[PDB]
Amino acid sequence: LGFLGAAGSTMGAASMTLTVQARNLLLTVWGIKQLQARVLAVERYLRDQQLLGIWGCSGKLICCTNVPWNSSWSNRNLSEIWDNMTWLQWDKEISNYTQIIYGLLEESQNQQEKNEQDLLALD
Amino acid sequence: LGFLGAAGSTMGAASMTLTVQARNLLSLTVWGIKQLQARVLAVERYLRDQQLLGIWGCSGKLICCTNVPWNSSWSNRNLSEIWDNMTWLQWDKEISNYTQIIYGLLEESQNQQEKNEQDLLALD
Amino acid sequence: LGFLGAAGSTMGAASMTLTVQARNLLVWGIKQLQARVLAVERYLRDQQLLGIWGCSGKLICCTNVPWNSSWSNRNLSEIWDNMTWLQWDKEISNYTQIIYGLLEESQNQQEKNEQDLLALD
Amino acid sequence: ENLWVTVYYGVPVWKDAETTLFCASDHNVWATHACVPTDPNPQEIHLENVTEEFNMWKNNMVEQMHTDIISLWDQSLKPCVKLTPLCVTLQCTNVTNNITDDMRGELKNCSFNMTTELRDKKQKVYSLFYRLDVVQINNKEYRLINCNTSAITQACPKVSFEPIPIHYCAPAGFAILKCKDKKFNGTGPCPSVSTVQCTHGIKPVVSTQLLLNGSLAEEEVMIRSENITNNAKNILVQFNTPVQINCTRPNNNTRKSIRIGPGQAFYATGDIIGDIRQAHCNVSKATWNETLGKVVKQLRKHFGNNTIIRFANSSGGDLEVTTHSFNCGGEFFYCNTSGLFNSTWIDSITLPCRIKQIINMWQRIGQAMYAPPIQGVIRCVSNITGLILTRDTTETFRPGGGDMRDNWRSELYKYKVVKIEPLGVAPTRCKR
Amino acid sequence: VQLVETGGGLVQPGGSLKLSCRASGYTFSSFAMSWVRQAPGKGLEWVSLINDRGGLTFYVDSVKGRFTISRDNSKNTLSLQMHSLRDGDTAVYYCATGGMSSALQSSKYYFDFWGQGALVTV
Ligand SMILES: *[C@@H]1O[C@H](CO)[C@@H](O[C@@H]2O[C@H](CO)[C@@H](O[C@@H]3O[C@H](CO[C@H]4O[C@H](CO)[C@@H](O)[C@H](O)[C@@H]4O)[C@@H](O)[C@H](O[C@H]4O[C@H](CO)[C@@H](O)[C@H](O)[C@@H]4O)[C@@H]3O)[C@H](O)[C@H]2NC(C)=O)[C@H](O)[C@H]1NC(C)=O
Ligand SMILES: *[C@@H]1O[C@H](CO)[C@@H](O[C@@H]2O[C@H](CO)[C@@H](O)[C@H](O)[C@H]2NC(C)=O)[C@H](O)[C@H]1NC(C)=O
Ligand SMILES: *[C@@H]1O[C@H](CO)[C@@H](O[C@@H]2O[C@H](CO)[C@@H](O)[C@H](O)[C@H]2NC(C)=O)[C@H](O)[C@H]1NC(C)=O
Ligand SMILES: *[C@@H]1O[C@H](CO)[C@@H](O[C@@H]2O[C@H](CO)[C@@H](O)[C@H](O)[C@H]2NC(C)=O)[C@H](O)[C@H]1NC(C)=O
Ligand SMILES: *[C@@H]1O[C@H](CO)[C@@H](O[C@@H]2O[C@H](CO)[C@@H](O)[C@H](O)[C@H]2NC(C)=O)[C@H](O)[C@H]1NC(C)=O
Ligand SMILES: *[C@@H]1O[C@H](CO)[C@@H](O)[C@H](O)[C@H]1NC(C)=O
Ligand SMILES: *[C@@H]1O[C@H](CO)[C@@H](O)[C@H](O)[C@H]1NC(C)=O
Ligand SMILES: *[C@@H]1O[C@H](CO)[C@@H](O)[C@H](O)[C@H]1NC(C)=O
Ligand SMILES: *[C@@H]1O[C@H](CO)[C@@H](O)[C@H](O)[C@H]1NC(C)=O
Ligand SMILES: *[C@@H]1O[C@H](CO)[C@@H](O)[C@H](O)[C@H]1NC(C)=O
Ligand SMILES: *[C@@H]1O[C@H](CO)[C@@H](O)[C@H](O)[C@H]1NC(C)=O
Ligand SMILES: *[C@@H]1O[C@H](CO)[C@@H](O)[C@H](O)[C@H]1NC(C)=O
Ligand SMILES: *[C@@H]1O[C@H](CO)[C@@H](O)[C@H](O)[C@H]1NC(C)=O
Ligand SMILES: *[C@@H]1O[C@H](CO)[C@@H](O)[C@H](O)[C@H]1NC(C)=O
Ligand SMILES: *[C@@H]1O[C@H](CO)[C@@H](O)[C@H](O)[C@H]1NC(C)=O
Ligand SMILES: *[C@@H]1O[C@H](CO)[C@@H](O)[C@H](O)[C@H]1NC(C)=O
Ligand SMILES: *[C@@H]1O[C@H](CO)[C@@H](O)[C@H](O)[C@H]1NC(C)=O
Ligand SMILES: *[C@@H]1O[C@H](CO)[C@@H](O)[C@H](O)[C@H]1NC(C)=O
Ligand SMILES: *[C@@H]1O[C@H](CO)[C@@H](O)[C@H](O)[C@H]1NC(C)=O
Ligand SMILES: *[C@@H]1O[C@H](CO)[C@@H](O)[C@H](O)[C@H]1NC(C)=O
Ligand SMILES: *[C@@H]1O[C@H](CO)[C@@H](O)[C@H](O)[C@H]1NC(C)=O
Ligand SMILES: *[C@@H]1O[C@H](CO)[C@@H](O)[C@H](O)[C@H]1NC(C)=O
Ligand SMILES: *[C@@H]1O[C@H](CO)[C@@H](O)[C@H](O)[C@H]1NC(C)=O
Ligand SMILES: *[C@@H]1O[C@H](CO)[C@@H](O)[C@H](O)[C@H]1NC(C)=O
Ligand SMILES: *[C@@H]1O[C@H](CO)[C@@H](O)[C@H](O)[C@H]1NC(C)=O
């Protein structure tokens, strides 16, 4: 499989196996239990894809944005984050700022998308 | 404003809350089946809307511009009235009869554009 | 032509009905839910696969993977003007997973390359 | 530095989660059609430089299996013959033919008036019953123990009670983590964690006091408890080597089919062929003594190098918890075990066993099941792979039992269910 | 750290010359690298830049259609394929480490290490 093989790797050693994890997301009571598990997996997948969509990251695994990084979220340089830290440690480190970052991403896409509409209205 | 808060606002006041409505489209065996039917239906409706955006060349966007010209036979109004006076509910009523016509044209223009793109990355 | 109407048409005679067929991918009653759930998962795997190849949102997607002559040594006219998609699917079935693997690797390199071109400044 | 938020999808990050697991497997109570085939080549990916905290006492996989096993049990019994028409006054006498003293008073010959194919005509039939299944009313008048608490369903004679390995497999978006840290004590950090598609096959072996046909410890005997100093908690002991136990029901039985009504029949125990002996189990004495010595040393590691450790038989209570209960060839044995826990630490052992036909499976009131007799002579050879002990200068340990969740904890202690959180963000220098 | 250039020599106008650079003392695959020219009597001129992975190459306009820059991370080497040499290409060609970045590490936009240089005479 290779699934989660990079879990113990550093952030810059990992994030090259993104398709490995991405492809692993996809008697009446037994049928119901199985359908609930399958429907839930589908709903979670679609919510994550919708979230990437509204940020302007649809169809990508590594998506660049226009949101500046705040030093209050993590006061670390790139060498520590990408060469020493793992993704599990990073997830713990910035858990409390996740929704703030997500909100900013949504707002920047809303401005960018509208700006494109105005640029395409010239001529 | 929250979900549908802009429903009574004008078209140009709305079309800035699209993520608010967009995020609300995804979220004893008889009770199990009833809940599953509700969840599966919500998923299928979402995917059909996304498929339409895909085939029109609008995947990943909430606002996308196209190459289909507007016909005066569908709505003979200028932008000042449509965007500053009208609401989206009134607009939906005004062009309901032409919805499938517009959709067909959108599909057709993407089919031409996609092929046109294929014939340009072929040069050289 | 409607759904599968182009099935007997040549590869270059089809490739114009892709939206027609794309539209058709979407107690005892549990059988219906199973049938509906399966269709959704199958649809999503294909969309996910297109996503990882960088072909999301498109019906025709060009890539940077060279065609290996060992997969099919034909002259393009043979493929697109005479052959149908069913015959083609049979001809290269053995190499489908090889092609898919190459497509995934190609996109990963391009995605990293794109990132490397977006902090030059 | 000028850093920008970059969004990643497919990040190898997970969080603790509780979800519904499915069942994979290779006419049977548990090998049901709902379960799907296993992967012929199971995958396991070792996670290098990963330490994950495990807690076997809060593992939702144990509760799910408990519920699923009970559900499969009831679904298996649902279509079988109901024996409500059997709850009639019995006229019982003792069986005195070729009876050894060990069996004197244990087996009764009961005659009764029961219905037949037609509702109007009745028939006089007889059946042999074990003392444990029959309660005296009002010398010769008896009733079944289930008459004043619940209707009883006869188990289908064609459905095996043999445990079949069941593998639990995660749904997509979730993962099962395996603790490969030898000598893991059931709680806390576990280095050397691997990700698997599913667990190994777990046989739903039902037993008390002694754990049969389970997994063995890789190097040392393991002593595990939620709180080792709390005498209200159970101690699970995992053996390094199995102790072989040979259990038998030596009597050669036959079976009489007595029709109750259209398409329905009760299976009565017929006359016994040959001599009547009791049931028993032979536990190798030298192996058992060595096993206890190992258990005592490991207990001393927690209770003190100079603490006297004594084994004693269980305290009183229901037969299902005071004896070693198990299903051997379709018969339910209730073995004394007192001969195994009778020593102080500082040829074989023969354990007498009783057989009962009316089984209240799972600690429930009602939903009684009647086990039909099995013809011939029953012999089982099993591996004892662990113990459930309770703690009473000197510490005393006694066999424990019940709950059933502990038997499944003894196998699922190394597995954890997590959910995948594929989205994450991180600073980079890349600007859109 | 060491960077040792090889190749070089005198090639007549219109010819072709391959230069190479052997690196040691650092992880080769972790740094972007470049080739820089120094005219025999003037200053330094940047010619070409290659990323750490080798997938991205950049050239100064004066050589954009004539020079190819290549990297082989399994051998710790750089190479430069110089076609259609003209009199203006006479220079010392230095192998240098630095110049670009890999996005997930701090930027450089400077040259950390230099070799001794190959002399190319047209
Ligand atoms: C720990 O694990 C061991 C295995 O390692 C278990 O031991 C086995 O236990 C079973 C049940 O007691 C033994 O019996 C076998 O039962 C099979 C199923 O019975 C069929 O046939 C009867 C016929 O009346 C039907 O009623 C029934 O519905 C089934 O259709 C039989 O098929 C087996 O027969 C095979 O083995 C015997 C060996 O004596 C041969 O003579 C046969 O020809 C045939 O090859 C058998 O009767 C089984 O034998 C035990 N295995 C071993 C190796 O001894 C333990 O029970 C388990 N412990 C616990 C507590 O579960
Ligand atoms: C089956 O039913 C018959 C009829 O009730 C029982 O026989 C009766 O037993 C009582 C005992 O006090 C006598 O007084 C009756 O005269 C008997 N009647 C007949 C017709 O025999 C018989 O005992 C029942 N058998 C069982 C096993 O309960
Ligand atoms: C069902 O009948 C049994 C058999 O009598 C009852 O068990 C007895 O309960 C009394 C009262 O607690 C005890 O003193 C006896 O020792 C029990 N055993 C026997 C053999 O009498 C049981 O309580 C009854 N249950 C119900 C719900 O009526
Ligand atoms: C357990 O061990 C006893 C011996 O202690 C076995 O009983 C013997 O069985 C043989 C059978 O051929 C007889 O000849 C002996 O006379 C028996 N001895 C005694 C003391 O009873 C018994 O069969 C064994 N049971 C199992 C399941 O292994
Ligand atoms: C059990 O009790 C019966 C008597 O109730 C014993 O006798 C047999 O009973 C059946 C009744 O169906 C008769 O058909 C047989 O003819 C009786 N036997 C004889 C010799 O007359 C029976 O033997 C007892 N069985 C045991 C194992 O004790
Ligand atoms: C674990 O750490 C060691 C430290 O020497 C390193 O060599 C190894 O590559 C690390 N594992 C992974 C998967 O990166
Ligand atoms: C970072 O967040 C704090 C609030 O927690 C805010 O005051 C500050 O201006 C932010 N800085 C940047 C650079 O976004
Ligand atoms: C998040 O906030 C809680 C307090 O509500 C604090 O205990 C925790 O450490 C914070 N986490 C981080 C990563 O700062
Ligand atoms: C409702 O109409 C008034 C003008 O009559 C306008 O000021 C107000 O903003 C409108 N409501 C919303 C939600 O836009
Ligand atoms: C507009 O629609 C009418 C039909 O109502 C059609 O005749 C006309 O050609 C259309 N014009 C354009 C520009 O599409
Ligand atoms: C749609 O057509 C019907 C006639 O079939 C007409 O009555 C109705 O008003 C039309 N709707 C619009 C919005 O023009
Ligand atoms: C079927 O084949 C004939 C030639 O044999 C061709 O003219 C015709 O167009 C084909 N059918 C379709 C649907 O293309
Ligand atoms: C083409 O396929 C053959 C057979 O797998 C392989 O040996 C060869 O290297 C491939 N060539 C290219 C350019 O992919
Ligand atoms: C595919 O492989 C089979 C052998 O498994 C072979 O018989 C068949 O000809 C192959 N097909 C192609 C198109 O190579
Ligand atoms: C069975 O034997 C016991 C002695 O063990 C005796 O007390 C009892 O009365 C006997 N019952 C019958 C029905 O003979
Ligand atoms: C298990 O070992 C850990 C040390 O790694 C200890 O903290 C914990 O209390 C132990 N638990 C038991 C039940 O012995
Ligand atoms: C274990 O039980 C004792 C009872 O006195 C209590 O003091 C102790 O805190 C408990 N430890 C745990 C880990 O629950
Ligand atoms: C169990 O029976 C086997 C014969 O099948 C015998 O070899 C073994 O020694 C017995 N074990 C015990 C503990 O009696
Ligand atoms: C059990 O083994 C110990 C030695 O570890 C020995 O002293 C003791 O006598 C043995 N007991 C029996 C019953 O063999
Ligand atoms: C108990 O004995 C072991 C040797 O088996 C020794 O290592 C340990 O230190 C002893 N502990 C005490 C408290 O004497
Ligand atoms: C435990 O053993 C003693 C001594 O033989 C006995 O009196 C007592 O009844 C036994 N307990 C049980 C529950 O059998
Ligand atoms: C187990 O055997 C002992 C032998 O002394 C006896 O006292 C005890 O009552 C027996 N227990 C059972 C449940 O038969
Ligand atoms: C326990 O050991 C003593 C030793 O004298 C013996 O008398 C007694 O019968 C034994 N009990 C059991 C149940 O083995
Ligand atoms: C039981 O007795 C019957 C008598 O016909 C015999 O055929 C059968 O083999 C015996 N079974 C055993 C296990 O002794
Ligand atoms: C007992 O464990 C041993 C371990 O080697 C195994 O070979 C044997 O088959 C097991 N016995 C049973 C009945 O499972």
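Every residue, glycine as well, gets a Cβ built from its backbone with ideal geometry; the counts of neighbours run over all protein chains shown. The numbers here are math on the coordinates, done by the rules we state, and not lab data.
Points to keep in mind about this one:
- Filter result (within 14 Å of another protein chain (Cβ to nearest Cβ) and either touching a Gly at 6+ places or on another chain (Cβ under 7 Å) or not in a loop (DSSP other than H, G, I, E, B) (or both)) within region D:65-119: D:65, D:67, D:68, D:69, D:70, D:71, D:72, D:73, D:74, D:75, D:76
- Scanning region C:42-60 for residues that are exposed (fewer than 15 other Cβ atoms within 10 Å of the Cβ) and either within 16 Å of ligand 22 (Cβ to nearest atom) or not β-branched (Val, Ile, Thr) (or both) turns up C:42, C:45, C:46.
- Wholly within region D:136-219, strands (runs of 3 or more DSSP E) carrying at least 1 residues that are away from ligand 10 (no atom under 16 Å from the Cβ) and either exposed (fewer than 15 other Cβ atoms within 10 Å of the Cβ) or among the β-branched types (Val, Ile, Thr) (or both): D:141-144, D:152-154, D:174-179, D:187-196
- Taking the listed residues D:382, D:338, the one that is in contact with a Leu (Cβ under 9 Å, 6 or more places away or on another chain), more than 16 Å from ligand 9 (Cβ to nearest atom) and either within 14 Å of chain C (Cβ to nearest Cβ) or under 24 Å from residue D:217 (Cα atoms) (or both) is D:382, with no other qualifying.
- Some residue of region D:388-398 being of a type in the set (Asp, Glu), over 21 Å from residue D:234 (Cβ atoms) and in contact with a helix residue (DSSP H, G or I) (Cβ under 8 Å, 6 or more places away or on another chain): no
- Residue check, residue A:81 more than 16 Å from ligand 24 (Cβ to nearest atom) and surrounded by 14 or more Cβ atoms within 10 Å (Cβ to Cβ): yes
- Evaluation of residue B:74 against (1) surrounded by 16 or more Cβ atoms within 10 Å (Cβ to Cβ); (2) farther than 28 Å from residue A:48 by Cα (one fails), failing number: (1)
- Wholly enclosed strands (runs of 3 or more DSSP E) of region D:346-432 bearing at least 1 residues of a type in the set (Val, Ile, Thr): D:349-356, D:376-391, D:394-399, D:415-420, D:423-428
- Options E:79, E:106: the member that is in contact with an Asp or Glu (Cβ under 8 Å, 6 or more places away or on another chain) and farther than 29 Å from residue D:6 by Cα: E:79
- Residue in region D:306-317 that is part of a strand (DSSP E or B) and surrounded by fewer than 19 Cβ atoms within 10 Å (Cβ to Cβ) present: yes
- The residues of region D:318-342 that are part of a strand (DSSP E or B) and out of contact with any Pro (no Cβ under 9 Å at 6 or more places or on another chain), listed by number, are D:325, D:326, D:328, D:332, D:333, D:334.
- Being out of contact with any strand residue (DSSP E or B) (no Cβ under 7 Å at 6 or more places or on another chain), of a type in the set (S, T, N, Q) and within 16 Å of ligand 15 (Cβ to nearest atom) is a property that residue D:49 lacks.
- Taken across region A:108-117, residues that are under 16 Å from the mean Cα position of the chain (by Cα) and acidic (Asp, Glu) do not occur at all.
- Close pairs from region D:190-218: first within 19 Å of residue D:382 (Cβ to Cβ), partner among the charged types (D, E, K, R) and surrounded by fewer than 17 Cβ atoms within 10 Å (Cβ to Cβ), Cβ under 6 Å, at least 6 apart: D:213/D:203
- Breaking point among (1) exposed (fewer than 14 other Cβ atoms within 10 Å of the Cβ); (2) away from every other protein chain (no Cβ under 14 Å); (3) not hydrophobic (A, V, I, L, M, F, W, C), for residue E:30: (2)
- Breaking point among (1) outside any loop (DSSP other than H, G, I, E, B); (2) within 22 Å of residue D:242 (Cα to Cα), for residue D:268: (2)
- The residue that is nearest to residue D:250 (Cα to Cα), counting only those in region D:329-340 that are surrounded by 21 or more Cβ atoms within 10 Å (Cβ to Cβ) and touching a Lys or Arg at 6+ places or on another chain (Cβ under 7 Å), is D:331.
- Index of the failed condition, residue A:50 passing every other in (1) more than 7 Å from every other protein chain (Cβ to nearest Cβ); (2) in contact with a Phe, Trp or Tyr (Cβ under 9 Å, 6 or more places away or on another chain); (3) polar (S, T, N, Q): (1)
Table: residues versus (1) touching a helix residue (DSSP H, G or I) at 6+ places or on another chain (Cβ under 7 Å); (2) closer than 24 Å to residue E:55 by Cα; (3) among the β-branched types (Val, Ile, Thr).
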residue	(1), (2), (3)
C:17	no, no, yes
C:30	yes, no, yes
C:38	no, no, no
C:44	yes, no, no
C:67	no, yes, no
C:73	no, no, no
C:77	no, no, no
C:83	no, no, no
C:105	no, yes, no
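- Close pairs from region A:1-24: first more than 7 Å from chain D (Cβ to nearest Cβ) and under 14 Å from residue A:81 (Cα atoms), partner more than 16 Å from ligand 19 (Cβ to nearest atom) and aromatic (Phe, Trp, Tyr), Cβ under 6 Å, at least 6 apart: A:12/A:82
- Residues located in region C:62-121, provided they are of a type in the set (A, V, I, L, M, F, W, C), under 30 Å from residue E:30 (Cβ atoms) and in contact with a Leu (Cβ under 8 Å, 6 or more places away or on another chain): C:65, C:117
- For the residues A:39, A:29, the requirement of being surrounded by fewer than 19 Cβ atoms within 10 Å (Cβ to Cβ) and either at the interface with another protein chain (Cβ under 7 Å from one of its Cβ atoms) or within 12 Å of the chain's Cα centre (by Cα) (or both) singles out A:29.
- Taking each residue of region A:68-83 that is within 7 Å of another protein chain (Cβ to nearest Cβ) and looking for partners that are exposed (fewer than 14 other Cβ atoms within 10 Å of the Cβ) and hydroxyl-bearing (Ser, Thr, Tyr) with beta-carbon atoms closer than 9 Å, six or more apart or interchain, yields A:77/E:106; A:78/E:106; A:79/E:106.
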